[PDB]
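Worksheet for the structure shown next.
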Amino acid sequence: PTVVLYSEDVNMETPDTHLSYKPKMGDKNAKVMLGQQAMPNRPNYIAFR
Amino acid sequence: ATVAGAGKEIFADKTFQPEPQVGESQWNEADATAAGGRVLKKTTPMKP
Numbered sequence: 290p291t292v293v294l295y296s297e298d299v300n301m302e303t304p305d306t307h308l309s310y311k312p313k314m315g316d317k318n319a320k321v322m323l324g325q326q327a328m329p330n331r332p333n334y335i336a337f338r
Numbered sequence: 194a195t196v197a198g199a200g201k202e203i204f205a206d207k208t209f210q211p212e213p214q215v216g217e218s219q220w221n222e223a224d225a226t227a228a229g230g231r232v233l234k235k236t237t238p239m240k241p
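Quick look at the structure:
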């Protein structure tokens, strides 16, 4: 063997971005979903009057 | 196709149907078989 990979599990979650192209409506990641695209949310500036 | 006799193959309109903008829409391509495009005749001079 010439490649060793360490597999782990993470708490993946996006706090401020949303998808701009989702290939299919379903979950259960497959090869088709290996190319979805994200983009950031619009800014908000809540403050006193 | 109502009874599979109708709903026949819709083909590209010769005027504008293959559009320049459209294409495949993700980096992980599929590389399909049948591909079409537009091209200029030899009469029109070439410019970049």
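Keeping their order, the protein sequence lines are chains L and J. Here PDB author numbering is used: position 4 in the first sequence is 293, and no number is missing along the way. Here PDB author numbering is used: position 38 in the second sequence is 231, and no number is missing along the way. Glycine residues also receive a C-beta, built at the ideal position from the N, C-alpha and C atoms.
Residues of its chain near residue i, where Cβ-Cβ distance is below 8 Å and the 5 sequence neighbours each way are ignored
i, result
"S309 (chain L)", "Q326, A327, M328"
"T303 (chain L)", "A327"
Chain J contact for residue i (CB, 9 Å cutoff)
i, result
"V292 (chain L)", "no"
"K320 (chain L)", "yes"
"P332 (chain L)", "no"
Opposing strand residues paired with residue i [DSSP bridges]
i, result
"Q326 (chain L)", "L:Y310"
Whole-angstrom C-beta distance between residue j and residue i, which should lie under 8 Å
i, j, result
"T306 (chain L)", "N330 (chain L)", "7 Å"
"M322 (chain L)", "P312 (chain L)", "6 Å"
Min CB distance residue i to chain L below 9 Å
i, result
"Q219 (chain J)", "yes"
Same chain, Cβ closer than 7 Å to residue i, neighbours up to 5 away in sequence not counted
i, result
"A336 (chain L)", "none"
"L233 (chain J)", "none"
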